Number of protein chains: 2
Amino acid sequence: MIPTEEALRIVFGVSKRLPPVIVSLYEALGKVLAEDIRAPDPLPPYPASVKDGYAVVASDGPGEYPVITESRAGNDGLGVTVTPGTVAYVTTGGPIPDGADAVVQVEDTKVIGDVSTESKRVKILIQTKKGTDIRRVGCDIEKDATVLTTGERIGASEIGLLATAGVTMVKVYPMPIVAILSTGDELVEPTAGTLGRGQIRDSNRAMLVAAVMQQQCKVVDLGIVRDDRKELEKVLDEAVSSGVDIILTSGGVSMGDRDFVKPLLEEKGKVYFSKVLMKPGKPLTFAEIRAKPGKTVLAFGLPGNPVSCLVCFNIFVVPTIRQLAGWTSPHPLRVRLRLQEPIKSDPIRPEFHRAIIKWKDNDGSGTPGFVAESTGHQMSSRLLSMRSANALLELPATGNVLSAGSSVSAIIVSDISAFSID
Amino acid sequence: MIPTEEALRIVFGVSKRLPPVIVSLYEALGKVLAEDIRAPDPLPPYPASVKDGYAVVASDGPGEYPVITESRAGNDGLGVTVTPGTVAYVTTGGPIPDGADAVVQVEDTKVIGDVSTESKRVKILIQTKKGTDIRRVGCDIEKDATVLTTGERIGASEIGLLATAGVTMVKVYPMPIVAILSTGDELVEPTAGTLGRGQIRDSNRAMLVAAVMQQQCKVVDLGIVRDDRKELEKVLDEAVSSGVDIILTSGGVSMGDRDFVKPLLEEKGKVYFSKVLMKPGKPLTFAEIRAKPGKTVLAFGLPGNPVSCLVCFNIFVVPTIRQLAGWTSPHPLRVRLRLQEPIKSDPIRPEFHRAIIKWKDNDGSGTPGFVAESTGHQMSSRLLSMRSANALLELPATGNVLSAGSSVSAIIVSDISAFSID
Ligand SMILES: Nc1ncnc2c1ncn2[C@@H]1O[C@H](COP(=O)(O)O)[C@@H](O)[C@H]1O
Ligand SMILES: Nc1ncnc2c1ncn2[C@@H]1O[C@H](COP(=O)(O)O)[C@@H](O)[C@H]1O
Ligand SMILES: [Mg+2]
Ligand SMILES: [Mg+2]
């Protein structure tokens, strides 16, 4: 059994970022940029009013003036010069006419005289300062400025910046394509009604398909494979040559006489490890396979026990997906938190204990912080121990009872911005 | 100007959960359950071995015994009784034959005699205890137990539990459908190359489409609408009758003479507010419209300034989407953090200052915690102030300089499990 830290380092060293591709603006969302983005023109590209009001010559000061033009957009006020003793109406974002050097917001003005008469006049009620409420050319974004860089993940504001810069085709790192299969003569499809003797519904495959969908990767569902070496070899050979980047199997990695995942991965590629010092998920197998005349394919022989399967996905597969997708920081978020109840650690293996965590105004020590509740019994066959679990507490192998109020490290495994509040 | 707390309470009171629908297993991912889920059979449904090894009568103890059957799945060992003085081979998950009451893992056994001879014999090397390494019927899930409840959000483990229970069609609350449009005579499509005088690319629409896609809602893109009252009325009437649940407009809510969003929403429905005491995003308008002979449609007249547009989406629209989608806890995650640099608060309006936050082993006070860096100048026209921003610091309206190391409340606006580590 190699430590988890070493297993993660091995996976990281073998995992390579995928070749970049060109995608459309909305396909770029969630992906990591593979090129810098420079603004082709300034923002604003023209001097723009911050307010609805009047563009003035600041030195004129308070008084009554004729309104010589109106400027809201496009060519409004083109060729008109605001000279001392005149003003122009402007709306927010409107081009400032030549000659005007400040804007007086409409609340500091009063329209004078009958509206019916063509000559519009306005009283400016304050003494403004040059440059007031004007956005000079490029004050928000300078022409040729780098607005986004290589290695930056694209969220909603980054899509907004791409649109600002007129970019609708984007160079990004793609997400890996993942093949998933289940193994076992005891499995039946999850559509089964009454179960026959010695049968269970395949739950890992749908759980892993959902887990991969949450990571925004395309899934190739290869179904249930029986405990037959030739059949599993055929499906693995078909998966490796299909074009996928990652293969996830579950089950068939214990010490049974019909567990063929480990020997087949040894035969097809290079197995870096098959045993990890952790609770749950000891039989985790990792291999690199080269596809026939090519590309490399990463294979995770995940444990069959449902808890172990999902915990290994969260700890080892998620950072691999992110590394392949070009993330510079693929590691999960780790925080420090206080236990709401006592927890016994294992005497030999460090445990990834499932918990429901929340941020509290008082974490028990008189200062705000995260707190955690266990999901109960941690047996690897008990998928209910993963239910609602948004974190894995990292319990060292001391064998002692960690009392309520003691502090531990925890890996956050589900969208921290989707955390239910205290 | 009403306080943000009051604006949020108004939006919450008007926002109603959508009628539930029936979806397929993979469509249920990310949605909130609208029914409880009970296990139709136990897990395991038969007494199952935890190990690869031999099923024994525990009272026999160490000795040499004939192997009378092999049990891995299905009907293996059906009709065979393990009597005192006999054992049966089992694999993990295999049915325990009748009569056996414990499992001795293969590492505590030794096969005796020539394999060629049909009579297989094994030496049990330890004294086991009744019930060892057996999962009794229902130890993981009892038959008829509630495995998921109404109001629970479906993640990967919950998909795993639905598959365990044989549920492939699920009753859930759906996501709202959102219509989005931009307003302005100064706008051009983001595909525009050289900009004409007084033109800018429409960036809010693509930014909002991306923001809504991140919330997993269907988008109806209604494009750019000019500053013409009749045209905007036609598009709003078309949006309201289309079947969408939420309409998002941006711009056209300032004090200009061609800003028609507020008066049109007043004309079509009930405007609850049009001014909020906050920096940025003061002109935010909220309305409830009833669709023609029906359903209610929520409308947000978002500010045109890009920062204000996105901050209002994050604070007001995201919890509305979640409430409509049946979330019991729609509020965003709020944490407490320390400032990495000084920040000046505004003297009148509480500010939602954009920051890049991270968890540190030392937050500056000698204990672990979140820390924040400002994204720089906070002007509402500067979309670069949203770039990489994963939090909004809630700065009260004191007008004082908050020194580096001081603690503030912060709203987390992007997947906390996608946070780049320190
Ligand atoms: N797809 C699956 N869904 C649910 N349980 C499984 C699945 N695959 C294997 N198991 C169970 O996990 C345990 C370990 O399986 P294995 O790793 O094949 O020995 C056994 O109890 C199996 O029945
Ligand atoms: N879709 C958009 N994209 C970028 N900027 C916008 C958009 N809509 C309005 N604006 C700008 O936001 C500011 C306020 O607009 P409005 O609310 O229409 O007065 C002005 O500077 C507009 O040019
Ligand atoms: Mg198996
Ligand atoms: Mg406008």
# chains A, B, ... in the order shown; residues from 1 in each chain; ligands from 1
>>> residues_around(residues="residue B:260", least_positions_apart="2", cutoff="8 Å", atoms="only C-alpha atoms", output="list in words")
residues 227, 228, 229, 232, 252, 253, 258, 262, 263 and 264 of chain B
>>> select_by_dssp(residues="stretch 79-272 of chain B", states="helix (DSSP H, G or I)", output="PyMOL selection string")
chain B and resi 106-108+156-164+204-214+229-242+261-268
>>> write_last_selection(atoms="C-alpha atoms", output="compact mmCIF listing (two decimals), in the first residue's frame")
# COMPACT_ATOMS: atom_id res chain seq x y z
CA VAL B 106 -8.54 -16.00 1.93
CA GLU B 107 -5.34 -14.62 3.63
CA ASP B 108 -6.24 -16.68 6.76
CA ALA B 156 -23.84 11.87 -7.76
CA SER B 157 -24.42 9.81 -4.54
CA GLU B 158 -28.17 10.58 -4.71
CA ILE B 159 -28.20 9.30 -8.37
CA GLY B 160 -26.41 6.20 -6.98
CA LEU B 161 -29.17 5.76 -4.36
CA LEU B 162 -31.96 6.17 -6.99
CA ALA B 163 -30.24 3.42 -9.11
CA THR B 164 -29.82 1.22 -5.99
CA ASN B 204 -24.14 41.91 -20.98
CA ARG B 205 -26.25 39.51 -23.04
CA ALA B 206 -23.50 36.88 -23.56
CA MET B 207 -22.37 37.41 -19.90
CA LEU B 208 -25.98 36.80 -18.64
CA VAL B 209 -26.51 33.83 -21.01
CA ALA B 210 -23.30 32.29 -19.50
CA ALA B 211 -24.43 33.17 -15.93
CA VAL B 212 -27.82 31.47 -16.51
CA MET B 213 -26.13 28.42 -18.18
CA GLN B 214 -23.99 28.11 -14.94
CA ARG B 229 -40.90 52.20 -26.43
CA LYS B 230 -43.10 50.35 -28.99
CA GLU B 231 -40.30 47.93 -29.91
CA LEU B 232 -39.41 47.11 -26.31
CA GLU B 233 -43.15 46.69 -25.46
CA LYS B 234 -43.51 44.17 -28.36
CA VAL B 235 -40.45 42.14 -27.27
CA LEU B 236 -41.58 42.16 -23.58
CA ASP B 237 -45.15 41.12 -24.63
CA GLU B 238 -43.60 38.29 -26.81
CA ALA B 239 -41.32 37.19 -23.90
CA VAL B 240 -44.18 37.21 -21.33
CA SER B 241 -46.44 35.04 -23.58
CA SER B 242 -43.62 32.61 -24.65
CA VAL B 261 -37.88 49.49 -19.14
CA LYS B 262 -39.35 50.84 -15.84
CA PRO B 263 -42.51 52.48 -17.34
CA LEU B 264 -43.21 49.38 -19.49
CA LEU B 265 -42.93 46.99 -16.53
CA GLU B 266 -45.24 49.38 -14.55
CA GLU B 267 -47.70 49.24 -17.47
CA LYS B 268 -47.54 45.40 -17.93
>>> atom_distance(atom1="atom CA of residue B:298", atom2="atom CA of residue B:387")
28.3 Å
>>> closest_residue(among="A:5, A:185, A:221, A:35", to="ligand 1", atoms="only C-alpha atoms and all ligand atoms")
A:185
>>> select_by_dssp(residues="stretch 170-402 of chain A", states="strand (DSSP E)", output="number ranges by chain")
A: 170-173, 178-183, 187-188, 200-201, 219-225, 246-250, 270-273, 276-277, 285-290, 296-302, 333-339, 343-344, 351-360, 369-374, 391-395, 401-402
>>> closest_residue(among="A:285, A:388, A:414, A:183", to="ligand 3", atoms="only C-alpha atoms and all ligand atoms")
A:183
>>> residues_near_ligand(ligand="ligand 1", cutoff="9 Å", atoms="only C-alpha atoms and all ligand atoms", output="PDB file with C-alpha atoms, in the first residue's frame")
ATOM      1  CA  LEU A 181     -18.292   0.380 -17.183  1.00  0.00           C
ATOM      2  CA  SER A 182     -19.383  -1.777 -14.236  1.00  0.00           C
ATOM      3  CA  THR A 183     -18.246  -5.314 -13.556  1.00  0.00           C
ATOM      4  CA  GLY A 184     -19.979  -8.263 -11.932  1.00  0.00           C
ATOM      5  CA  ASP A 185     -21.999 -11.408 -12.418  1.00  0.00           C
ATOM      6  CA  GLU A 186     -24.196 -10.273  -9.483  1.00  0.00           C
ATOM      7  CA  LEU A 187     -25.244  -7.004 -11.211  1.00  0.00           C
ATOM      8  CA  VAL A 188     -28.504  -6.234 -13.022  1.00  0.00           C
ATOM      9  CA  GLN A 199     -28.503 -10.014  -7.627  1.00  0.00           C
ATOM     10  CA  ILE A 200     -28.137  -6.323  -6.902  1.00  0.00           C
ATOM     11  CA  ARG A 201     -28.847  -3.299  -9.129  1.00  0.00           C
ATOM     12  CA  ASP A 202     -25.783  -1.709 -10.763  1.00  0.00           C
ATOM     13  CA  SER A 203     -25.596   1.627  -8.816  1.00  0.00           C
ATOM     14  CA  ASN A 204     -21.883   2.602  -9.449  1.00  0.00           C
ATOM     15  CA  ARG A 205     -22.299   3.160 -13.187  1.00  0.00           C
ATOM     16  CA  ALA A 206     -25.152   5.710 -12.918  1.00  0.00           C
ATOM     17  CA  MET A 207     -23.377   7.315  -9.885  1.00  0.00           C
ATOM     18  CA  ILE A 224     -22.265  -3.985 -17.380  1.00  0.00           C
ATOM     19  CA  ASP A 227     -16.603 -11.599 -14.579  1.00  0.00           C
ATOM     20  CA  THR A 249     -14.163   0.610 -14.284  1.00  0.00           C
ATOM     21  CA  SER A 250     -15.573  -0.359 -10.881  1.00  0.00           C
ATOM     22  CA  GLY A 251     -15.342  -3.723  -9.161  1.00  0.00           C
ATOM     23  CA  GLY A 252     -13.248  -6.733 -10.192  1.00  0.00           C
ATOM     24  CA  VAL A 253     -10.191  -5.445  -8.217  1.00  0.00           C
ATOM     25  CA  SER A 254     -10.609  -7.542  -4.985  1.00  0.00           C
ATOM     26  CA  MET A 255      -8.885 -10.928  -4.218  1.00  0.00           C
ATOM     27  CA  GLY A 256     -11.461 -13.189  -5.920  1.00  0.00           C
ATOM     28  CA  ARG A 258     -12.766 -13.943 -11.169  1.00  0.00           C
ATOM     29  CA  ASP A 259     -11.348 -10.390 -10.569  1.00  0.00           C
ATOM     30  CA  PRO A 283      -7.856  -1.826  -3.880  1.00  0.00           C
ATOM     31  CA  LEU A 302     -12.092   1.847  -9.017  1.00  0.00           C
ATOM     32  CA  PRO A 303     -13.160  -0.328  -6.042  1.00  0.00           C
ATOM     33  CA  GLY A 304     -16.606  -1.956  -6.381  1.00  0.00           C
ATOM     34  CA  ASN A 305     -17.870  -0.895  -2.909  1.00  0.00           C
ATOM     35  CA  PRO A 306     -20.128   2.164  -3.662  1.00  0.00           C
ATOM     36  CA  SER A 308     -15.007   3.491  -2.049  1.00  0.00           C
ATOM     37  CA  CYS A 309     -15.908   3.987  -5.723  1.00  0.00           C
ATOM     38  CA  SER A 380     -17.714   1.070   2.410  1.00  0.00           C
ATOM     39  CA  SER A 381     -20.878  -0.812   1.323  1.00  0.00           C
TER      40      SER A 381
ATOM     41  CA  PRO B  44     -27.841  -6.409   0.266  1.00  0.00           C
ATOM     42  CA  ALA B  48     -23.357 -11.143   1.277  1.00  0.00           C
ATOM     43  CA  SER B  49     -19.681 -11.853   1.851  1.00  0.00           C
ATOM     44  CA  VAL B  50     -17.471  -8.838   2.610  1.00  0.00           C
ATOM     45  CA  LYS B  51     -14.382 -10.859   1.542  1.00  0.00           C
ATOM     46  CA  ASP B  52     -12.874 -13.312  -0.870  1.00  0.00           C
ATOM     47  CA  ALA B  73     -23.355 -14.543  -7.561  1.00  0.00           C
ATOM     48  CA  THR B  91     -16.005 -13.941  -3.361  1.00  0.00           C
ATOM     49  CA  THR B  92     -16.820 -10.334  -2.210  1.00  0.00           C
ATOM     50  CA  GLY B  93     -20.550  -9.765  -2.696  1.00  0.00           C
ATOM     51  CA  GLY B  94     -21.214 -13.487  -3.081  1.00  0.00           C
ATOM     52  CA  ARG B 135     -23.293  -8.223   5.386  1.00  0.00           C
ATOM     53  CA  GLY B 160     -26.411   6.203  -6.984  1.00  0.00           C
ATOM     54  CA  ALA B 163     -30.244   3.415  -9.106  1.00  0.00           C
ATOM     55  CA  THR B 164     -29.819   1.218  -5.990  1.00  0.00           C
TER      56      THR B 164
END
>>> residues_around(residues="residue A:364", least_positions_apart="3", cutoff="12 Å", atoms="only C-alpha atoms", output="list in words")
residues 337, 338, 339, 340, 341, 359, 360, 361, 367, 368, 369, 370, 371, 372, 404, 405, 406 and 407 of chain A
>>> write_last_selection(atoms="N, CA and C atoms", output="PDB file, in the first residue's frame")
ATOM      1  N   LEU A 337     -11.659  22.738  10.003  1.00  0.00           N
ATOM      2  CA  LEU A 337     -12.978  22.863  10.613  1.00  0.00           C
ATOM      3  C   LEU A 337     -13.010  22.192  11.973  1.00  0.00           C
ATOM      4  N   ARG A 338     -14.072  22.447  12.768  1.00  0.00           N
ATOM      5  CA  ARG A 338     -14.252  21.829  14.082  1.00  0.00           C
ATOM      6  C   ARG A 338     -15.317  20.727  14.027  1.00  0.00           C
ATOM      7  N   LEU A 339     -15.078  19.615  14.728  1.00  0.00           N
ATOM      8  CA  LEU A 339     -16.025  18.501  14.770  1.00  0.00           C
ATOM      9  C   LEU A 339     -17.225  18.818  15.668  1.00  0.00           C
ATOM     10  N   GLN A 340     -18.455  18.575  15.184  1.00  0.00           N
ATOM     11  CA  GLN A 340     -19.677  18.774  16.005  1.00  0.00           C
ATOM     12  C   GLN A 340     -19.926  17.571  16.927  1.00  0.00           C
ATOM     13  N   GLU A 341     -19.252  16.434  16.696  1.00  0.00           N
ATOM     14  CA  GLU A 341     -19.451  15.215  17.507  1.00  0.00           C
ATOM     15  C   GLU A 341     -18.137  14.449  17.556  1.00  0.00           C
ATOM     16  N   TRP A 359     -20.867  26.668   7.398  1.00  0.00           N
ATOM     17  CA  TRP A 359     -20.174  27.786   8.019  1.00  0.00           C
ATOM     18  C   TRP A 359     -21.061  28.315   9.140  1.00  0.00           C
ATOM     19  N   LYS A 360     -20.501  28.506  10.342  1.00  0.00           N
ATOM     20  CA  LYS A 360     -21.262  29.014  11.477  1.00  0.00           C
ATOM     21  C   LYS A 360     -20.687  30.319  11.993  1.00  0.00           C
ATOM     22  N   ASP A 361     -21.550  31.214  12.514  1.00  0.00           N
ATOM     23  CA  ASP A 361     -21.111  32.477  13.135  1.00  0.00           C
ATOM     24  C   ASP A 361     -20.274  32.184  14.396  1.00  0.00           C
ATOM     25  N   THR A 367     -15.492  32.076  17.623  1.00  0.00           N
ATOM     26  CA  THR A 367     -15.157  32.800  16.391  1.00  0.00           C
ATOM     27  C   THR A 367     -15.825  32.059  15.231  1.00  0.00           C
ATOM     28  N   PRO A 368     -16.142  32.728  14.099  1.00  0.00           N
ATOM     29  CA  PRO A 368     -16.831  32.008  13.010  1.00  0.00           C
ATOM     30  C   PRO A 368     -15.958  30.981  12.330  1.00  0.00           C
ATOM     31  N   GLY A 369     -16.586  29.978  11.747  1.00  0.00           N
ATOM     32  CA  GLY A 369     -15.836  28.944  11.052  1.00  0.00           C
ATOM     33  C   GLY A 369     -16.679  27.780  10.607  1.00  0.00           C
ATOM     34  N   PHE A 370     -16.046  26.858   9.865  1.00  0.00           N
ATOM     35  CA  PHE A 370     -16.722  25.645   9.423  1.00  0.00           C
ATOM     36  C   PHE A 370     -16.839  24.661  10.569  1.00  0.00           C
ATOM     37  N   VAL A 371     -17.899  23.861  10.532  1.00  0.00           N
ATOM     38  CA  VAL A 371     -18.127  22.803  11.511  1.00  0.00           C
ATOM     39  C   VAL A 371     -18.559  21.598  10.708  1.00  0.00           C
ATOM     40  N   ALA A 372     -18.418  20.401  11.253  1.00  0.00           N
ATOM     41  CA  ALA A 372     -18.796  19.190  10.515  1.00  0.00           C
ATOM     42  C   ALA A 372     -19.563  18.214  11.365  1.00  0.00           C
ATOM     43  N   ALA A 404     -15.427  16.130  20.167  1.00  0.00           N
ATOM     44  CA  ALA A 404     -16.229  17.208  19.587  1.00  0.00           C
ATOM     45  C   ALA A 404     -15.531  18.513  19.952  1.00  0.00           C
ATOM     46  N   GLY A 405     -15.391  19.406  18.979  1.00  0.00           N
ATOM     47  CA  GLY A 405     -14.685  20.669  19.164  1.00  0.00           C
ATOM     48  C   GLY A 405     -13.245  20.635  18.677  1.00  0.00           C
ATOM     49  N   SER A 406     -12.663  19.430  18.433  1.00  0.00           N
ATOM     50  CA  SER A 406     -11.287  19.325  17.921  1.00  0.00           C
ATOM     51  C   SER A 406     -11.266  19.718  16.445  1.00  0.00           C
ATOM     52  N   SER A 407     -10.116  20.216  15.967  1.00  0.00           N
ATOM     53  CA  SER A 407      -9.986  20.710  14.599  1.00  0.00           C
ATOM     54  C   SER A 407      -9.352  19.681  13.671  1.00  0.00           C
TER      55      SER A 407
END
>>> decode(residues="stretch 14-34 of chain A", atoms="C-alpha atoms", output="CSV table (one decimal), in the first residue's frame")
chain,number,residue,atom,x,y,z
A,14,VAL,CA,1.5,10.7,-15.8
A,15,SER,CA,-1.6,13.0,-16.5
A,16,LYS,CA,-1.0,15.4,-19.4
A,17,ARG,CA,-2.9,18.4,-20.5
A,18,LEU,CA,-5.0,17.7,-23.6
A,19,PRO,CA,-4.2,19.4,-27.0
A,20,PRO,CA,-6.1,22.8,-27.3
A,21,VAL,CA,-9.1,23.2,-29.6
A,22,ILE,CA,-11.1,26.1,-31.0
A,23,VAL,CA,-14.7,26.5,-29.7
A,24,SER,CA,-17.6,28.9,-30.0
A,25,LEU,CA,-18.2,31.6,-27.3
A,26,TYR,CA,-20.8,29.6,-25.3
A,27,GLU,CA,-18.8,26.3,-25.7
A,28,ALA,CA,-15.8,28.2,-24.0
A,29,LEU,CA,-17.8,28.5,-20.7
A,30,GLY,CA,-16.2,26.4,-18.0
A,31,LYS,CA,-13.1,25.8,-20.0
A,32,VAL,CA,-9.5,27.0,-19.5
A,33,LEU,CA,-8.1,29.5,-22.0
A,34,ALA,CA,-5.3,28.3,-24.2
